[PDB]
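# Got an experimental structure here, sequence first:
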Amino acid sequence: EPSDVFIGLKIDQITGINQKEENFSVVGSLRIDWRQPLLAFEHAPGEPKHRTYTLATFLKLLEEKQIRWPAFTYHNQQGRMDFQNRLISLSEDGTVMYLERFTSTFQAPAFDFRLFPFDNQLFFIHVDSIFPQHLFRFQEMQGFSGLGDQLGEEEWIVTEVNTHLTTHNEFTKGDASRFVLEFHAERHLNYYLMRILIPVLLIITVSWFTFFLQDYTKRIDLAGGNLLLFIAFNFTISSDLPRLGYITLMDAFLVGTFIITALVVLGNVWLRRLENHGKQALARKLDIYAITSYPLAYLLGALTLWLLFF
Amino acid sequence: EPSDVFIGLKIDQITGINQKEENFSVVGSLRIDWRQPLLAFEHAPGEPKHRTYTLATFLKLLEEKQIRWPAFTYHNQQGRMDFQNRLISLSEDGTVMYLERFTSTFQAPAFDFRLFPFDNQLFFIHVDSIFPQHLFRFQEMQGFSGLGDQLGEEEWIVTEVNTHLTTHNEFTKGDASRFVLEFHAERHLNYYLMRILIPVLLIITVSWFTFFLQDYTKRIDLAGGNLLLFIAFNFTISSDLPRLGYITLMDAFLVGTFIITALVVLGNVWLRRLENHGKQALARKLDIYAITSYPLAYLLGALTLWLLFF
Amino acid sequence: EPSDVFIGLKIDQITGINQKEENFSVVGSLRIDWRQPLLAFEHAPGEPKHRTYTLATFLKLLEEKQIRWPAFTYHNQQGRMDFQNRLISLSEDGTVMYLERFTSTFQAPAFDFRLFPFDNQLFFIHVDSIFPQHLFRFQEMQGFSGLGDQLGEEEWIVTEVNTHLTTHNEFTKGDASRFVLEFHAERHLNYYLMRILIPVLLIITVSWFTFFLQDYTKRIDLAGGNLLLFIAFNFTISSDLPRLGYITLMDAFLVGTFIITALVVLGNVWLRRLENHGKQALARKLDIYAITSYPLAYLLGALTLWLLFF
Amino acid sequence: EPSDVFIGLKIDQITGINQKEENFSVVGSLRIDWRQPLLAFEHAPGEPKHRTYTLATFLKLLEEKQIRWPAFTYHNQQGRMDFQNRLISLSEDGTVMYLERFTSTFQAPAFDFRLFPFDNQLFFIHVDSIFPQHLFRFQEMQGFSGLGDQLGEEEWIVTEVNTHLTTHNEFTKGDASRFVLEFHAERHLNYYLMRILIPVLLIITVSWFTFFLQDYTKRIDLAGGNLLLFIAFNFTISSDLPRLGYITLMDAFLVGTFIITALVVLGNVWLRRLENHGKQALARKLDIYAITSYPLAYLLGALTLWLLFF
Amino acid sequence: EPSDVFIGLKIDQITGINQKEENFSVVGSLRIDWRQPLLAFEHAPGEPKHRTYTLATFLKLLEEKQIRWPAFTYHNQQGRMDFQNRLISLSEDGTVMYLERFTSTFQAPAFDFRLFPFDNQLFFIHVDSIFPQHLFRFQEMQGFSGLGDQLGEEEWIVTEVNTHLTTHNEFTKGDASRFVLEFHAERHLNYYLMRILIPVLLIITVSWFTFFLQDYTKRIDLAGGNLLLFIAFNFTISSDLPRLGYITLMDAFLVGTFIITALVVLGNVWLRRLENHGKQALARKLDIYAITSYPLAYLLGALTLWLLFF
Ligand SMILES: CCCCCCCCCO[C@@H]1O[C@H](CO)[C@@H](O)[C@H](O)[C@H]1O
Ligand SMILES: CCCCCCCCCO[C@@H]1O[C@H](CO)[C@@H](O)[C@H](O)[C@H]1O
Ligand SMILES: CCCCCCCCCO[C@@H]1O[C@H](CO)[C@@H](O)[C@H](O)[C@H]1O
Ligand SMILES: CCCCCCCCCO[C@@H]1O[C@H](CO)[C@@H](O)[C@H](O)[C@H]1O
Ligand SMILES: C[C@H](N)Cc1ccc(Br)cc1
Ligand SMILES: C[C@H](N)Cc1ccc(Br)cc1
Ligand SMILES: C[C@H](N)Cc1ccc(Br)cc1
Ligand SMILES: C[C@H](N)Cc1ccc(Br)cc1
Ligand SMILES: C[C@H](N)Cc1ccc(Br)cc1
C-alpha cells in the first residue's frame, strides 16, 4: 500500500525571468502533508500534541527509527536554492507537516521566441518523488499550490496557473510521482513599442520627408546611414535573446528594413545616374515612384510578415 | 493564552536599491524578546543567571524540551541572507533574547515609475510568525525598530519610517502575526539634471542657434542628428528601469522631443522646398515662424507634460 | 580483491556553455551502486529491509564501522557544486545506492576556435576514484549515464554522447578509475548569419552600388567608413571568444575585409588622382576595373578562406 | 569586574575599493587575547599545556560550562565574510587566543566625491562587543593591528592607519566597546590624466587650430561635435560614481566645457551671420577675438574651478 | 623537536587571470603528509590498517585526544574557496594523509603593467603554518607540487614553475613555515595584434593614402576623426587594466598617436592657411614634407618607445 504525500507549491515572488539564459527565478513555499503511523506518539496532558522540528533533527529521528521519508527533487532547479524555512510539525497521529521556503532559479526549456516580442510562454516547476508509486503517491495539497499576488514582475503578466500530477522514471525504472506547477505569462510590449518600433518608424518617416528635397545624393547618404542604424538595432535586439538557431519575427522585421533600405540606395543610385547622364528631367519623372515606393515597400513589408508569421 | 514575542528590526545600511530588478538590499539587526516560563532555570551562586547560546544549540535545547519556538520568515526576502550574528540570551525567568544580524535583498514590489525621475517610493520588510495568533502574538519591541544613520545611500534620501503589526494566512488558515518595517525614500535628481536634462537642453538650444545661419539643409541635417541623439538617451534611460508595460514621465519627455524634432525636419524640408522652387524670398519670410516655433514647440511641450503628469 | 562501484552520470540540463571562459554548466544526477558486505544487516520479518540515509549520517556510520567509502572527485569541476540530493539506500545485502543531483560548472579545455563559427567541440565530465584500482574499480552503471532531452541549450546542438572508463594518477601513484561522460555539440550558425554575415554583406553590396555614381571622393569616404564598421565587428566578435594566441577563421574573414577595404581606398585615391591631373576620361576608362574588382576581390576572398581553412 | 579582550585586526589585502557602491573589500586577520580563569585546566606533566580548538567545539565547550564568550559583530560588514581560519588556543591559565582570517566587503559611508578625482577618503572597519563594558572591555592587542605591505591596490595609495577604541549602544542601552581600524588613502590621478584630462585638452587644442582656417561654418560644425564628445565624457565619468545628489569638481569641469562650447557655437554663428550680411571684412576684424576667446574662456575656466574648489 | 609536515600543492586548472582586479583563479589539490605517533593504532586481522576520515570527524578526533593539527592558511587567498575534497587517511604508524581539492581566487600583487602588452608576470600561492617552526616545520612533499597540463588558459602561457620553503611572522612573532608555489606566465600577443595594433596601423596607413588627394581640408577632417578613434582605443585599453598611477607602454603608444595626429592637424591647417593667402603653389611645394612627415613621425615614434621602454 503506497502512503500518500500532499504536495503544495506556492510562488510568492518572480524575482525575474532571464530570457537570454532561458530560466526564471522565484521566492516559493513548498508544503507537504504526509501521515506516518510509525511517527505517532502519546503526550501526557500539559505536553503539546504537536511537535516542532528542524528538518536537521527530524531526519536524524527518521534515521534512528529507520523510517523512509518521501524524498523528492526539484527536477528543473538550476544552481543553489537559498532556503529560509525547512520546518516539520508532527501531530499525535503521526501526520508530518513539512514547510520549505526558498529562492531558486528554474529551467524554462519551454521557450518559443518564434513570435518575439509577441510570444506567450510556459514556465513550470517539477517536484519529483525519488521513490516509485508502489511506496509513495503524490496527491494535490488543496487550497495552497498556485501564484501569490505580489510577484513584482513588470514585463511579463501571467495568463493562468495549472496544477496536476504525472510520472517520471529518472533514477527508478518503476513509475514515480511528479507534482507540476505550470504557468503561462505574456509580454508587456510597451518596452518594445517605446524603444524599438517607435524609433525605427521615426527614422523611416523622417528619412522619407527628405525625399521632397529631390537630392538623390542626400537620399543615398541618408538610406546608407539608416542601414547602420538598423544594424545597431539588430545588436540591441540580439542581446535580449539567446544565440537561437531559429529565426525570430523580430529577426524578419529587421532583415525586412535591411532589404528595403539597400534597394532605396540602389534605386536612388540609378535616379542619380540619370542626372549624371543628362536625363535630369526623366529622373524627375521617375521620382514620384521613388517617393511613393518608400511607404509602400515598408507597408508591403507589414503584410509580408503579418501574414508569414500570423 | 498566546505568549507574546517582541519584534525589533533596525536597518544599519542600505547596501543599494536596484530599481531595474525592483528590490533593495540592507544590513539589518533583528531583536526578539520572548518569555517562555518552561525555559526558566535556577543557578547556584557563582554561576551567571543569564545563559548565552549559539542558535544551533538553543534550538537543539528547545527540541530536547519539545518547546515550540515562535518560528518566523522574512516574507519579501530574495535569495540568501548572509547572517553575522544569531545569538540567544536566556534569564532565570526564561526570557529568550534572540539577536540576528544579516545582509539580505528584499522585494520592493511597491515601485511606481509613473513619475520617474520625480517619483518617491515605498520599501518594506515583512517579518511573519509562521504560527497563528492563538499560539504566538508579535508585539513591537520598543526603543529599537527603525533605520540607523550611516545607510550610505546617495541617490535616495529617506522621508520617514513606520512600524506596525498586522496578520497574514500564508501556510496557516488561522490568522498569523506580521511585523512590518516600511520606509519611503525619494530620489536626489542631481544625477538626472546633470547627465540628462542639462545636455538635452544644451543640444536643443545650441541646435536652435544654427537657425540664425538661415541654411535649411544644415537645419535638417542637424535635427536629423538630434533625433538619433534622443533615441540614444532613450536607451540610456530605458536601462535604469525594468521593461515596464506602463509609460514613464521620462518616456513622454523623450517621445516629446522625438515628435518636435521630426516636425522640425518636416518644416525645414518644406522651407527648403520653397528655395528649390524659386520662392527663396518667401521661405525667408516664413523663416521667422520656423525660428520661433522651436522655442515655443519645446515650451508648449513643458506644459503638455507638466499638466498631463502633474 | 577490488570491490566494484557502478558509476551513472546523467545531464538533465545544459544551463549554458560560456565559450569566453572555456567552461560549460549542467544540472546533473550521479548514481552509484556499491555492494559492501560489511554494511549488510538483518531484515527481521515485519521490519524494512532497505535503510534510507542522509549522506551526513551514512558517512558517520561508515566512520563508526571504519569502512572505506569509494571516495571520488569531479576532476574538471570549476567553483561550487550546488547539490540538491545526496541520498543513500542500503539493502540487507549491503548494496549502497548513492544518488547525487547538482548544478556545477566544468572545464572544457577541449575548445578549438580555429574554425569559429563553424567549429564542433568536445564537452566532458571526469569522475575519478581518489583510491587506486587495487581497492575500488569503477564499472559502468548500465541504462542511466547519458544526456536528458530537455537540455534547453539553443546555440549548441549535441551530435553524440559516449561513456567509457580509464585510469589517472592524480594523488595516488597507483592506477585509479576515471568514469568519463563525453559529448560533442556543434553550433547553430543562424545567430552568426543574422547578426554578422548578413550585415557585413549588406554593407559591402550597398557600398558597391554607390560606385555607379562615379564619385571617387564619395567611394573613398565610404570605404574609410566601412573600415571602422569592420573594426567594430572586430570588437563584437573578439568578445564572444577568449584572448586566444591562435587565429580564428572569423579573424581571417575580418582582416580579409580590412585588406580589401584599405586597397579600395588606395585604388579610388589613384582614380581620383587622375581626375585631379586632367586625365578624367582615362580614370573613367579604368573605372570598369574598379567597379568589378570590388565583387571579385571579395569573392577571391571567399576562396582564400574556404580553401586555406577547409 | 569587566574581563578585558585584546582586539587585533590586520588587513593583508585590499581586494578592491568599489567607489560606485561606496564600499571596499579586504582579506583580514582578527586576533583576540581573552583570559577566562574558568577555562583554566591542569596538565599532568608530559601532557601539552595548550589546547587547540575548532571555534565549532570551543563554543560547544563554553556552552557546556555556561561561560559567556565576548560576542562581537563587524558593524560596517556588507554581505558574507568568507572565513579561512577560526582557531582557538587555550593555555593552562585559561587565556583564549582566537584568530579569524576572512575576505569581506565593508561600508565606506566616509565617501566625499566633492573633489573627485583629487579627493582623499576614510576607510574604516568597526569591531563592536555586543555585550556592555560592565561585562567585557576591548583593549588594543599591541604589535598586530594595522595594514600589511602587499595590499595589491593600484589606484589608491594609503597615507596613514589609526587604531583606537570607543563605545556604541547598538542592542544594549549600556555603553559597549568598539575597536576601530581607520585608514586614509588618496587616488593615483595617472588614470584620470591619461584617459580624461589629456584627451579633452587635445580635443580643445586641436579644435582651436582649425580656427586659423577662418571657416566659421567649419568652427560651428566642430564645436557642435565637441559638445557630444563632452556629453560622452559626461557618461564615462558619471558611471565611475554613484547617482550623487551633490556636484563633483569633475561635474563642474564638464559643465564648464559645455557652457564654453555652446558659446563658441553662438559666437561663430554670429561671425558667420556677418559674412551672410555682406560684412565679411568686419567678421574678419572681430575674428581675432573669437580666436583668442577660445584659450582665455578655457583658462578663465581653469581658475573659476581652481579657486571655487581650492 | 618540531614534527615535519609535507606540503604538496598542484594546480589542475587556471579558471582565469583577472588582470584588472590583479588576481588569478585556480582549481587546485593540496596534499599533506604529517606523522603523529599519538594517532597510531593497532588492529586485529580483519580491520584495515588505513582509516579514512571526513576532516569534520578527523578534527573532532584530534580535539578528543587534545592533539595539535599543523593549522595552515592560504595567505594570498581572496574570497571563498569552494572545496570538493577534504579527506584524511591515517596509517597504523599515525601518518596523517590530508587531501584538499578546491577552486579559489588568489592575490597576484606581483603585477607589472610597465610593458603591457609585452609584460611577463609572477603568480604565486602562499601556504603558511599558523604555528611557529619550534612546533611544525613545512617540508616539500616530492613528486606532486607543480602545474597540470590542462590549465585551459589561452591568453597566458606558463614559462616555468618553482617550489620553495621560507618563513613569515603573521600572527606569531616566532618564525613560521611558508610553502610557496610560484609560476611565471607571459601573454599571447595575437589578441593585441589582431584587435589593437592591426586596426591602428590600417587607420594610420589608409589615412595617409588620402594625402595624395592634396585636399588639406580633407586631411584635417580625417586626422581629427582619427584622434577620436584613438581616444576610443584609449578607453578599450584603459579598461583591461586597473587605474594604475604608473604609465603603461600601451599608454605611451596611444599618447604617441595623439601627439602626431594633433600636429598632422596643425601642419595641414598651416598648408591650408597658405592656399587661403594666395600661396597655393608654395603649399604644394611644402606638401612633399607633409606627405613624408606622416610615415617618419610614426616611425621616429616606433624608436622613441622601443628605446625608452626597451
Ligand atoms: C553605406 C552605404 C551608403 C552611404 C552611407 C554611409 C555613411 C554616410 C555618412 O555618414 C558617416 O558614416 C560612417 C560609416 O558609414 C560613420 O562612421 C561616420 O561617423 C559618418 O559620419
Ligand atoms: C538618421 C535619420 C534622420 C535623417 C535626416 C537627416 C540627418 C542626417 C545626419 O545623420 C547621419 O546619419 C547616419 C545614420 O543614419 C550616421 O551614420 C551619420 O553619422 C549622420 O551624419
Ligand atoms: C548636435 C550639436 C549641434 C551643433 C552643431 C554641430 C553639427 C553636428 C551635427 O552632425 C552630427 O554628426 C555625427 C556624425 O559622427 C552624428 O552622429 C550626429 O548625430 C550629428 O548630429
Ligand atoms: C580611415 C580611412 C580614410 C577615410 C575615412 C577616415 C577615418 C574614418 C572615417 O569616419 C570619420 O570618423 C568620425 C567619427 O569617428 C567622423 O567625425 C568623420 O567625419 C568620419 O568621416
Ligand atoms: C531530500 C528531502 N529534502 C528530504 C525530505 C523530503 C520529504 C520530507 Br516530508 C522531509 C524531508
Ligand atoms: C530564525 C529561526 N526561526 C530560529 C528561531 C529560534 C528562536 C527564535 Br526566538 C526565533 C527563531
Ligand atoms: C566524496 C563523496 N562525497 C563521499 C561518498 C562517496 C561515495 C559514496 Br558510495 C558515498 C559517499
Ligand atoms: C559570535 C562569535 N563568533 C563568538 C566568539 C567571539 C569571541 C571569541 Br574569543 C570566540 C567566539
Ligand atoms: C585550517 C584547517 N581546517 C585545519 C587543518 C590543517 C591541516 C590538517 Br592535516 C588538518 C586540518
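Thanks, I have the structure now. Numbering: from 1, shown residues only, chains lettered A, B, ... in the order given. Ligands and ions are numbered 1, 2, ... in the order given.
# If you count neighbours, what's buried in the one helix or strand residue A:303 maps to?
Residue A:303 is part of helix A:280-308, with elements assigned from DSSP states H and E. By neighbour count on 16 or more other Cβ atoms under 10 Å in any protein chain shown, the buried set for helix A:280-308 is A:283, A:287, A:290, A:293, A:294, A:297, A:298, A:301. For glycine as for every other residue, the C-beta is placed from the backbone atoms N, C-alpha and C.
# Chain C contacts on the stretch 1-150 of chain A?
A:21-23, A:59-60, A:62-63, A:66, A:68-69, A:71, A:73-81, A:107-109, A:111, A:130 (Cβ under 8 Å from any Cβ of the partner chain).
# let's go with 6 Å and repeat that
Within the stretch 1-150 of chain A, the positions adjacent to chain C are A:21-22, A:59, A:63, A:66, A:68, A:71, A:73, A:77-80, A:107, A:109 by Cβ under 6 Å from any Cβ of the partner chain.
# any idea how far the residue of the stretch 51-200 of chain A found nearest ligand 7 is from residue C:85?
Per Cβ to the nearest ligand atom, residue A:171 is where the stretch 51-200 of chain A lies closest to ligand 7, at 14.6 Å. Here residue A:171 is placed at a distance of 9 Å from residue C:85 (Cβ to Cβ, to the nearest Å).
# quick one: contacts for the residue of chain A found nearest chain E?
Residue nearest to chain E within chain A: residue A:80 (11.3 Å; Cβ to the nearest Cβ). Listed by Cβ atoms under 6 Å, 6 or more residues apart in numbering or on different chains, the contact set of residue A:80 reads residue C:82.
# secondary structure element for the nearest residue to residue A:156 once chain neighbours are set aside?
Closest residue to residue A:156 apart from its sequence neighbours, by Cβ to Cβ, 6 or more residues apart in numbering or on different chains: residue A:185 at 3.7 Å. Per DSSP H and E, residue A:185 falls inside strand A:176-187.
# List of residues touching that strand?
With contact meaning Cβ under 6 Å, 6+ apart, strand A:176-187 is reached by A:7, A:9, A:117, A:120, A:122-129, A:132-133, A:137-138, A:147, A:156-166, A:168.
# Show me which residues of the stretch 51-200 of chain A are close to ligand 5?
A:55, A:69, A:70, A:71, A:72, A:96, A:98 (Cβ under 6 Å from any ligand atom).
# and the residue of chain A positioned farthest from its centre, helix, strand or coil?
The outermost residue of chain A, judged against the average C-alpha position, is residue A:278 (59.1 Å), by Cα atoms, centre = their mean. Three-state call for residue A:278 (DSSP: H, G, I helix; E, B strand; the rest coil): coil.
# any idea how far the residue lying closest to residue A:257 once chain neighbours are set aside is from chain B?
Spatial nearest neighbour of residue A:257, excluding adjacent residues (Cβ to Cβ, 6+ apart): residue A:230 at 4.7 Å. Going from residue A:230 to chain B by Cβ to the nearest Cβ, to the nearest Å gives 12 Å.
# for residue A:183, same thing?
Distance from residue A:183 to chain B, by Cβ to the nearest Cβ: 17 Å.
# How many residues are close by that residue?
21 (other Cβ atoms under 10 Å in any protein chain shown).
# Please name the bridge partners of it.
Beta-bridge pairing of residue A:183 under DSSP bridges involves residue A:123, residue A:161.
# For ligand 9, what is the nearest residue in the stretch 51-200 of chain A?
residue A:56 (22.3 Å).
# in a helix, that's where that residue is, yeah?
Yes. Residue A:56 forms part of a helix when assessed by three-state DSSP.
# just the buried members of the residues of the stretch 1-150 of chain A next to chain C?
Neighbour counting by 16+ other Cβ under 10 Å classes A:21-22, A:59, A:63, A:68, A:71, A:73, A:77-80, A:107, A:109 among these as buried.
# mind listing which of these are in strands?
Assigned to strands by DSSP state E, the following of these qualify: A:73, A:77, A:78, A:79, A:80, A:107.
# what about the residue of chain A found nearest ligand 6, how many neighbours?
Closest to ligand 6 within chain A is residue A:85: 7.3 Å, counting by Cβ to the nearest ligand atom. Using other Cβ under 10 Å, residue A:85 is surrounded by 19 other residues.
# Tell me the secondary structure at the residue nearest to residue A:170 when sequence neighbours are not counted.
Spatial nearest neighbour of residue A:170, chain neighbours left out: residue A:128 (6.1 Å); criterion: Cβ to Cβ, 6+ apart. Recorded secondary structure, residue A:128: strand (three-state DSSP).
# same check, this time on residue A:244
Here residue A:244 takes the coil state, with states given by three-state DSSP.
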